[PDB]
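With mmCIF, N, CA and C atoms inside, this is target.cif:
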data_run
#
loop_
_atom_site.label_atom_id
_atom_site.label_comp_id
_atom_site.auth_asym_id
_atom_site.auth_seq_id
_atom_site.Cartn_x
_atom_site.Cartn_y
_atom_site.Cartn_z
N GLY S 1 -78.25 -36.96 79.52
CA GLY S 1 -79.22 -36.17 78.77
C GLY S 1 -80.28 -37.03 78.11
N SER S 2 -81.49 -37.00 78.66
CA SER S 2 -82.59 -37.78 78.12
C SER S 2 -83.31 -37.03 77.01
N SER S 3 -83.22 -37.56 75.79
CA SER S 3 -83.85 -36.94 74.64
C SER S 3 -85.33 -36.67 74.90
N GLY S 4 -86.01 -37.66 75.48
CA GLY S 4 -87.42 -37.51 75.78
C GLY S 4 -88.21 -36.93 74.62
N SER S 5 -89.37 -36.36 74.92
CA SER S 5 -90.21 -35.76 73.90
C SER S 5 -90.90 -34.50 74.42
N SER S 6 -91.22 -33.58 73.51
CA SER S 6 -91.87 -32.33 73.88
C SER S 6 -92.86 -31.90 72.81
N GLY S 7 -93.62 -30.84 73.10
CA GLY S 7 -94.60 -30.35 72.16
C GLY S 7 -94.15 -29.07 71.47
N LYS S 8 -94.71 -28.80 70.30
CA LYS S 8 -94.36 -27.60 69.54
C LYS S 8 -95.60 -26.75 69.28
N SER S 9 -95.62 -25.55 69.87
CA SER S 9 -96.74 -24.64 69.70
C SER S 9 -96.27 -23.28 69.20
N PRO S 10 -96.03 -23.18 67.88
CA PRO S 10 -95.57 -21.94 67.25
C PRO S 10 -96.65 -20.87 67.23
N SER S 11 -96.22 -19.61 67.14
CA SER S 11 -97.15 -18.49 67.12
C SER S 11 -96.53 -17.28 66.42
N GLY S 12 -97.38 -16.46 65.81
CA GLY S 12 -96.89 -15.28 65.11
C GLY S 12 -96.55 -15.56 63.66
N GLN S 13 -95.89 -16.69 63.42
CA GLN S 13 -95.49 -17.07 62.07
C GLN S 13 -95.08 -15.85 61.26
N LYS S 14 -94.38 -14.92 61.91
CA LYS S 14 -93.92 -13.71 61.25
C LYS S 14 -92.45 -13.45 61.55
N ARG S 15 -91.77 -12.76 60.63
CA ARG S 15 -90.36 -12.45 60.80
C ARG S 15 -90.11 -10.95 60.65
N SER S 16 -88.94 -10.50 61.09
CA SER S 16 -88.59 -9.08 61.01
C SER S 16 -87.24 -8.90 60.31
N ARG S 17 -87.11 -7.80 59.58
CA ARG S 17 -85.87 -7.51 58.86
C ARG S 17 -85.37 -6.11 59.20
N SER S 18 -84.24 -5.74 58.60
CA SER S 18 -83.65 -4.43 58.84
C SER S 18 -83.48 -3.66 57.53
N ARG S 19 -83.96 -2.42 57.51
CA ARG S 19 -83.87 -1.58 56.32
C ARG S 19 -82.43 -1.13 56.09
N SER S 20 -81.87 -0.43 57.07
CA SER S 20 -80.50 0.06 56.97
C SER S 20 -79.72 -0.25 58.24
N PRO S 21 -78.42 -0.56 58.08
CA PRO S 21 -77.54 -0.89 59.20
C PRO S 21 -77.24 0.33 60.07
N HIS S 22 -77.73 0.30 61.30
CA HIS S 22 -77.51 1.40 62.24
C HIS S 22 -77.04 0.88 63.59
N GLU S 23 -76.41 1.75 64.37
CA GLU S 23 -75.91 1.38 65.69
C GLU S 23 -77.05 0.93 66.59
N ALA S 24 -76.75 0.02 67.51
CA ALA S 24 -77.75 -0.49 68.44
C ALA S 24 -77.11 -1.42 69.48
N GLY S 25 -77.58 -1.32 70.72
CA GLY S 25 -77.05 -2.15 71.78
C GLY S 25 -77.50 -3.59 71.67
N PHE S 26 -77.56 -4.28 72.80
CA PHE S 26 -77.98 -5.68 72.83
C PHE S 26 -79.35 -5.82 73.47
N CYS S 27 -80.34 -6.21 72.67
CA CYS S 27 -81.70 -6.39 73.16
C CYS S 27 -82.26 -7.73 72.73
N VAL S 28 -83.35 -8.15 73.37
CA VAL S 28 -83.99 -9.43 73.05
C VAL S 28 -85.50 -9.29 73.04
N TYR S 29 -86.14 -9.92 72.06
CA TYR S 29 -87.59 -9.87 71.94
C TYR S 29 -88.22 -11.19 72.37
N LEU S 30 -89.02 -11.14 73.43
CA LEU S 30 -89.69 -12.33 73.95
C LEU S 30 -91.17 -12.33 73.57
N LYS S 31 -91.62 -13.44 73.00
CA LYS S 31 -93.02 -13.58 72.59
C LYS S 31 -93.63 -14.84 73.17
N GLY S 32 -94.80 -14.70 73.80
CA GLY S 32 -95.47 -15.84 74.39
C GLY S 32 -95.68 -15.68 75.88
N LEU S 33 -95.11 -14.63 76.45
CA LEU S 33 -95.24 -14.36 77.88
C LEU S 33 -96.67 -14.60 78.35
N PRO S 34 -96.82 -14.95 79.63
CA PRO S 34 -98.13 -15.21 80.23
C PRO S 34 -98.96 -13.94 80.39
N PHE S 35 -100.23 -14.11 80.76
CA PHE S 35 -101.13 -12.97 80.94
C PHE S 35 -100.75 -12.17 82.18
N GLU S 36 -100.25 -12.87 83.20
CA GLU S 36 -99.86 -12.23 84.44
C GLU S 36 -98.35 -12.02 84.49
N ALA S 37 -97.72 -12.02 83.32
CA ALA S 37 -96.27 -11.83 83.23
C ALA S 37 -95.81 -10.70 84.13
N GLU S 38 -94.56 -10.77 84.57
CA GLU S 38 -93.99 -9.74 85.44
C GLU S 38 -92.47 -9.69 85.31
N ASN S 39 -91.91 -8.52 85.56
CA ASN S 39 -90.46 -8.33 85.46
C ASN S 39 -89.72 -9.57 85.97
N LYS S 40 -90.26 -10.19 87.01
CA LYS S 40 -89.65 -11.38 87.59
C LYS S 40 -89.57 -12.50 86.56
N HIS S 41 -90.68 -12.75 85.87
CA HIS S 41 -90.73 -13.79 84.85
C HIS S 41 -89.64 -13.58 83.80
N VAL S 42 -89.53 -12.35 83.32
CA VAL S 42 -88.53 -12.02 82.31
C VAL S 42 -87.12 -12.35 82.80
N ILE S 43 -86.89 -12.17 84.09
CA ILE S 43 -85.59 -12.45 84.69
C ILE S 43 -85.39 -13.95 84.87
N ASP S 44 -86.41 -14.62 85.38
CA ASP S 44 -86.35 -16.06 85.60
C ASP S 44 -86.01 -16.80 84.31
N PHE S 45 -86.27 -16.15 83.18
CA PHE S 45 -85.99 -16.74 81.87
C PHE S 45 -84.51 -16.61 81.52
N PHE S 46 -84.00 -15.39 81.62
CA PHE S 46 -82.60 -15.12 81.31
C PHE S 46 -81.78 -14.94 82.58
N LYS S 47 -82.00 -15.82 83.55
CA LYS S 47 -81.29 -15.76 84.82
C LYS S 47 -79.79 -15.89 84.60
N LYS S 48 -79.02 -15.66 85.66
CA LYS S 48 -77.56 -15.75 85.59
C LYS S 48 -77.01 -14.80 84.53
N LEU S 49 -77.69 -13.69 84.33
CA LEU S 49 -77.26 -12.69 83.35
C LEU S 49 -77.45 -11.28 83.89
N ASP S 50 -76.83 -10.31 83.22
CA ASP S 50 -76.92 -8.92 83.63
C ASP S 50 -78.00 -8.19 82.83
N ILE S 51 -79.19 -8.08 83.41
CA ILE S 51 -80.30 -7.40 82.76
C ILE S 51 -80.69 -6.13 83.50
N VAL S 52 -80.78 -5.03 82.77
CA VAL S 52 -81.15 -3.75 83.36
C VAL S 52 -82.60 -3.75 83.82
N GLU S 53 -82.81 -4.01 85.10
CA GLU S 53 -84.16 -4.04 85.67
C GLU S 53 -85.03 -2.95 85.06
N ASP S 54 -84.40 -1.84 84.69
CA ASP S 54 -85.12 -0.71 84.10
C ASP S 54 -85.50 -1.02 82.65
N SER S 55 -84.53 -1.47 81.87
CA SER S 55 -84.77 -1.79 80.47
C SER S 55 -85.94 -2.75 80.32
N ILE S 56 -85.92 -3.83 81.11
CA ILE S 56 -86.98 -4.82 81.07
C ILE S 56 -88.35 -4.16 80.89
N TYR S 57 -88.88 -4.24 79.67
CA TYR S 57 -90.18 -3.65 79.37
C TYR S 57 -91.18 -4.72 78.95
N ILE S 58 -92.41 -4.60 79.43
CA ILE S 58 -93.46 -5.55 79.10
C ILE S 58 -94.73 -4.84 78.65
N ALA S 59 -95.30 -5.31 77.55
CA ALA S 59 -96.53 -4.72 77.01
C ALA S 59 -97.76 -5.25 77.74
N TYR S 60 -98.64 -4.35 78.14
CA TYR S 60 -99.86 -4.73 78.84
C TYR S 60 -101.10 -4.33 78.05
N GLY S 61 -102.09 -5.22 78.01
CA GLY S 61 -103.31 -4.94 77.29
C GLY S 61 -104.15 -3.87 77.95
N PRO S 62 -105.14 -3.35 77.22
CA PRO S 62 -106.03 -2.30 77.72
C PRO S 62 -106.97 -2.81 78.81
N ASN S 63 -106.90 -4.11 79.09
CA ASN S 63 -107.74 -4.72 80.11
C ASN S 63 -106.92 -5.10 81.33
N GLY S 64 -105.72 -4.53 81.44
CA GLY S 64 -104.86 -4.82 82.57
C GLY S 64 -104.34 -6.25 82.54
N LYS S 65 -104.11 -6.77 81.35
CA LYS S 65 -103.61 -8.13 81.19
C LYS S 65 -102.47 -8.18 80.18
N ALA S 66 -101.36 -8.81 80.57
CA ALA S 66 -100.20 -8.93 79.70
C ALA S 66 -100.59 -9.50 78.34
N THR S 67 -100.29 -8.76 77.28
CA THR S 67 -100.61 -9.19 75.93
C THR S 67 -99.76 -10.39 75.52
N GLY S 68 -98.59 -10.51 76.13
CA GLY S 68 -97.70 -11.62 75.81
C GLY S 68 -96.49 -11.18 75.02
N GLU S 69 -95.94 -10.02 75.37
CA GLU S 69 -94.77 -9.49 74.68
C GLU S 69 -93.88 -8.71 75.64
N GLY S 70 -92.57 -8.97 75.57
CA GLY S 70 -91.63 -8.28 76.44
C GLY S 70 -90.33 -7.96 75.74
N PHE S 71 -89.49 -7.16 76.40
CA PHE S 71 -88.20 -6.78 75.83
C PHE S 71 -87.14 -6.65 76.92
N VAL S 72 -85.92 -7.06 76.61
CA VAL S 72 -84.82 -6.99 77.56
C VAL S 72 -83.53 -6.53 76.89
N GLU S 73 -82.69 -5.84 77.64
CA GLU S 73 -81.42 -5.35 77.11
C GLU S 73 -80.26 -5.72 78.04
N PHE S 74 -79.35 -6.55 77.53
CA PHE S 74 -78.20 -6.98 78.31
C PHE S 74 -77.06 -5.98 78.19
N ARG S 75 -76.66 -5.41 79.33
CA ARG S 75 -75.58 -4.43 79.36
C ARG S 75 -74.37 -4.93 78.59
N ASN S 76 -73.85 -6.08 79.00
CA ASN S 76 -72.69 -6.68 78.35
C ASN S 76 -73.08 -7.32 77.02
N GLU S 77 -72.08 -7.83 76.30
CA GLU S 77 -72.32 -8.47 75.02
C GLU S 77 -72.29 -9.99 75.15
N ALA S 78 -71.23 -10.51 75.77
CA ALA S 78 -71.09 -11.94 75.97
C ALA S 78 -72.34 -12.54 76.60
N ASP S 79 -72.99 -11.77 77.46
CA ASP S 79 -74.20 -12.22 78.13
C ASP S 79 -75.40 -12.15 77.19
N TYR S 80 -75.32 -11.28 76.19
CA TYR S 80 -76.39 -11.11 75.22
C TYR S 80 -76.47 -12.31 74.27
N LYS S 81 -75.31 -12.73 73.78
CA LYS S 81 -75.24 -13.86 72.86
C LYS S 81 -75.86 -15.10 73.48
N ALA S 82 -75.60 -15.31 74.77
CA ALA S 82 -76.14 -16.46 75.48
C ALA S 82 -77.66 -16.45 75.48
N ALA S 83 -78.24 -15.26 75.65
CA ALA S 83 -79.69 -15.11 75.66
C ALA S 83 -80.32 -15.79 74.45
N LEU S 84 -79.70 -15.62 73.29
CA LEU S 84 -80.20 -16.21 72.06
C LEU S 84 -80.11 -17.73 72.11
N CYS S 85 -79.09 -18.23 72.80
CA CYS S 85 -78.89 -19.67 72.93
C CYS S 85 -80.00 -20.31 73.76
N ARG S 86 -80.86 -19.47 74.33
CA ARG S 86 -81.96 -19.95 75.15
C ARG S 86 -83.29 -19.81 74.41
N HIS S 87 -83.35 -20.38 73.21
CA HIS S 87 -84.57 -20.33 72.40
C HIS S 87 -85.40 -21.59 72.59
N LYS S 88 -86.66 -21.54 72.15
CA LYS S 88 -87.56 -22.67 72.27
C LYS S 88 -87.67 -23.13 73.72
N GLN S 89 -87.87 -22.18 74.63
CA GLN S 89 -87.99 -22.48 76.05
C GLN S 89 -89.42 -22.26 76.53
N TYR S 90 -89.74 -22.82 77.69
CA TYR S 90 -91.07 -22.68 78.26
C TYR S 90 -91.01 -22.03 79.64
N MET S 91 -91.64 -20.86 79.77
CA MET S 91 -91.66 -20.14 81.03
C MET S 91 -92.48 -20.89 82.08
N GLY S 92 -91.86 -21.88 82.70
CA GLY S 92 -92.54 -22.66 83.72
C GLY S 92 -93.58 -23.60 83.13
N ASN S 93 -94.69 -23.03 82.67
CA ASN S 93 -95.77 -23.82 82.09
C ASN S 93 -96.21 -23.23 80.75
N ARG S 94 -95.63 -22.09 80.39
CA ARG S 94 -95.96 -21.43 79.14
C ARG S 94 -94.81 -21.54 78.14
N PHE S 95 -95.08 -21.20 76.89
CA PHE S 95 -94.07 -21.26 75.84
C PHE S 95 -93.75 -19.87 75.31
N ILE S 96 -92.46 -19.56 75.20
CA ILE S 96 -92.02 -18.26 74.71
C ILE S 96 -90.89 -18.41 73.69
N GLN S 97 -90.87 -17.52 72.70
CA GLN S 97 -89.84 -17.56 71.67
C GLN S 97 -88.84 -16.43 71.86
N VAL S 98 -87.57 -16.72 71.61
CA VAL S 98 -86.51 -15.73 71.76
C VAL S 98 -85.96 -15.30 70.40
N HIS S 99 -86.00 -14.00 70.13
CA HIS S 99 -85.51 -13.47 68.86
C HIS S 99 -84.76 -12.16 69.08
N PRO S 100 -83.60 -12.02 68.42
CA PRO S 100 -82.77 -10.82 68.52
C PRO S 100 -83.41 -9.61 67.86
N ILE S 101 -83.33 -8.46 68.54
CA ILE S 101 -83.90 -7.23 68.01
C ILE S 101 -83.00 -6.04 68.30
N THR S 102 -82.95 -5.09 67.37
CA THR S 102 -82.13 -3.90 67.52
C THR S 102 -82.77 -2.90 68.47
N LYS S 103 -81.98 -2.37 69.39
CA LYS S 103 -82.48 -1.40 70.36
C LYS S 103 -83.48 -0.44 69.71
N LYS S 104 -83.02 0.28 68.70
CA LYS S 104 -83.88 1.23 67.99
C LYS S 104 -85.22 0.59 67.64
N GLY S 105 -85.18 -0.56 66.99
CA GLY S 105 -86.40 -1.25 66.61
C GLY S 105 -87.21 -1.68 67.82
N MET S 106 -86.53 -2.01 68.91
CA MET S 106 -87.20 -2.44 70.13
C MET S 106 -88.11 -1.33 70.67
N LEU S 107 -87.60 -0.11 70.68
CA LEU S 107 -88.36 1.03 71.17
C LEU S 107 -89.53 1.35 70.24
N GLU S 108 -89.29 1.21 68.94
CA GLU S 108 -90.33 1.48 67.95
C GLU S 108 -91.67 0.91 68.39
N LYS S 109 -91.67 -0.37 68.73
CA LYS S 109 -92.89 -1.05 69.17
C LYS S 109 -93.36 -0.49 70.51
N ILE S 110 -92.46 -0.48 71.50
CA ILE S 110 -92.79 0.02 72.82
C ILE S 110 -93.54 1.35 72.74
N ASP S 111 -93.30 2.08 71.66
CA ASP S 111 -93.95 3.37 71.45
C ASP S 111 -95.40 3.18 71.00
N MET S 112 -95.59 2.38 69.96
CA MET S 112 -96.92 2.12 69.43
C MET S 112 -97.79 1.42 70.47
N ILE S 113 -97.16 0.61 71.31
CA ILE S 113 -97.88 -0.12 72.35
C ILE S 113 -98.42 0.84 73.41
N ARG S 114 -97.60 1.81 73.80
CA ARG S 114 -98.00 2.79 74.80
C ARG S 114 -99.18 3.62 74.31
N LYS S 115 -99.13 4.00 73.04
CA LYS S 115 -100.20 4.81 72.45
C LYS S 115 -101.55 4.12 72.60
N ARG S 116 -101.52 2.84 72.93
CA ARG S 116 -102.75 2.07 73.11
C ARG S 116 -103.23 2.14 74.56
N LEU S 117 -102.29 2.36 75.48
CA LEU S 117 -102.62 2.45 76.90
C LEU S 117 -102.84 3.91 77.31
N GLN S 118 -102.17 4.82 76.62
CA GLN S 118 -102.29 6.24 76.92
C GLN S 118 -103.65 6.77 76.48
N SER S 119 -104.30 7.53 77.36
CA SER S 119 -105.62 8.09 77.07
C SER S 119 -105.54 9.61 76.98
N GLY S 120 -105.58 10.13 75.75
CA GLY S 120 -105.52 11.56 75.54
C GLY S 120 -105.87 11.96 74.13
N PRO S 121 -106.46 13.16 73.97
CA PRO S 121 -106.86 13.68 72.66
C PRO S 121 -105.66 14.04 71.79
N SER S 122 -104.49 14.13 72.41
CA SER S 122 -103.27 14.47 71.69
C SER S 122 -102.76 13.27 70.89
N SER S 123 -102.40 13.52 69.63
CA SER S 123 -101.89 12.46 68.76
C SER S 123 -100.69 11.77 69.39
N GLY S 124 -99.72 12.57 69.83
CA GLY S 124 -98.52 12.01 70.44
C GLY S 124 -97.91 12.95 71.46
#

Reformat the file's structure so that it appears as structure tokens.
Amino acid sequence: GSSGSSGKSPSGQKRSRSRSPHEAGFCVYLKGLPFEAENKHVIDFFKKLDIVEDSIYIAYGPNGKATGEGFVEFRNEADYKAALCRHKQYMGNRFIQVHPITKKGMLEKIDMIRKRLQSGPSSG
């Protein structure tokens, strides 16, 4: 194991908390994804694991470009814990951060994000 050297490029400088303890499966919040990110990229990151190809959700900008945010849900638990052990990693040539998120909270965002891509006079 060569210690070598690497670079540090933090982003967001923000944290998340929980108001009340509620039930929730195993999900992961990825930040830093590339502009051309794709379900494949999300998998290549947490390879050798059981990820619901369906669950794998990625936020896309209004210009047809990945904003740099994704979400994954590991069916099993033992496989979920490992996902967290894969922090401070670089997606090939990009840098992404791994942070645990509650299913419920995970959808919360996915909802607000869609409201940005959805085009309609209806509030929701």

Take the PyMOL selection byres ((chain S and resi 86-98) around 6.5), run it mentally on this structure, and tell me the resulting residues as a PyMOL selection string. chain S and resi 29-33+82-85+99-100

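Note that DSSP on the backbone gives alpha helix (DSSP H) to these residues of chain S: residues 39, 40, 41, 42, 43, 44, 45, 78, 79, 80, 81, 82, 83, 84, 103, 104, 105, 106, 107, 108, 109, 110, 111, 112, 113, 114, 115, 116 and 117 of chain S.
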
Nearby residues (only C-alpha atoms) at most 8 Å from residue 55 of chain S, same-chain spacing under 2 positions excluded, as number ranges by chain: S: 51-53, 57, 71-73

Write out as JSON, numbers by chain the residues lying within 7 Å of residue 80 of chain S, counting all atoms listed in the file and excluding same-chain residues fewer than 5 positions away. {"S": [26, 27, 74, 75, 85]}

Counting all atoms listed in the file, the option among S:18, S:13, S:118, S:39 closest to residue 58 of chain S: S:39

Spatial neighbours of residue 65 of chain S, 8 Å, all atoms listed in the file, chain gap at least 6 places, as a PDB file with N, CA and C atoms, in the frame of the given file:
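So result-v7.pdb came out as:
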ATOM      1  N   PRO S  34     -96.820 -14.950  79.630  1.00  0.00           N
ATOM      2  CA  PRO S  34     -98.130 -15.210  80.230  1.00  0.00           C
ATOM      3  C   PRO S  34     -98.960 -13.940  80.390  1.00  0.00           C
ATOM      4  N   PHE S  35    -100.230 -14.110  80.760  1.00  0.00           N
ATOM      5  CA  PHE S  35    -101.130 -12.970  80.940  1.00  0.00           C
ATOM      6  C   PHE S  35    -100.750 -12.170  82.180  1.00  0.00           C
ATOM      7  N   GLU S  36    -100.250 -12.870  83.200  1.00  0.00           N
ATOM      8  CA  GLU S  36     -99.860 -12.230  84.440  1.00  0.00           C
ATOM      9  C   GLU S  36     -98.350 -12.020  84.490  1.00  0.00           C
ATOM     10  N   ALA S  37     -97.720 -12.020  83.320  1.00  0.00           N
ATOM     11  CA  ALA S  37     -96.270 -11.830  83.230  1.00  0.00           C
ATOM     12  C   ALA S  37     -95.810 -10.700  84.130  1.00  0.00           C
ATOM     13  N   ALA S  59     -95.300  -5.310  77.550  1.00  0.00           N
ATOM     14  CA  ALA S  59     -96.530  -4.720  77.010  1.00  0.00           C
ATOM     15  C   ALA S  59     -97.760  -5.250  77.740  1.00  0.00           C
TER      16      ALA S  59
END

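The space between atom CA of residue 102 of chain S and atom CA of residue 28 of chain S spans 8.0 Å.
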
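Evaluated on this file, the PyMOL selection byres ((chain S and resi 103-105) around 6.5) matches residues 23, 24, 25, 26, 27, 101, 102, 106, 107, 108 and 109 of chain S.
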
Just the number, please: distance in Å from atom CA of residue 60 of chain S to atom CA of residue 38 of chain S, one decimal. 10.2 Å

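A straight line drawn from atom C of residue 110 of chain S to atom CA of residue 69 of chain S is 11.1 Å long.
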
Secondary structure check, strand (DSSP E or B) residues of chain S, as a ChimeraX atom specification: /S:27-31,51,57-60,66-74,89,96-101
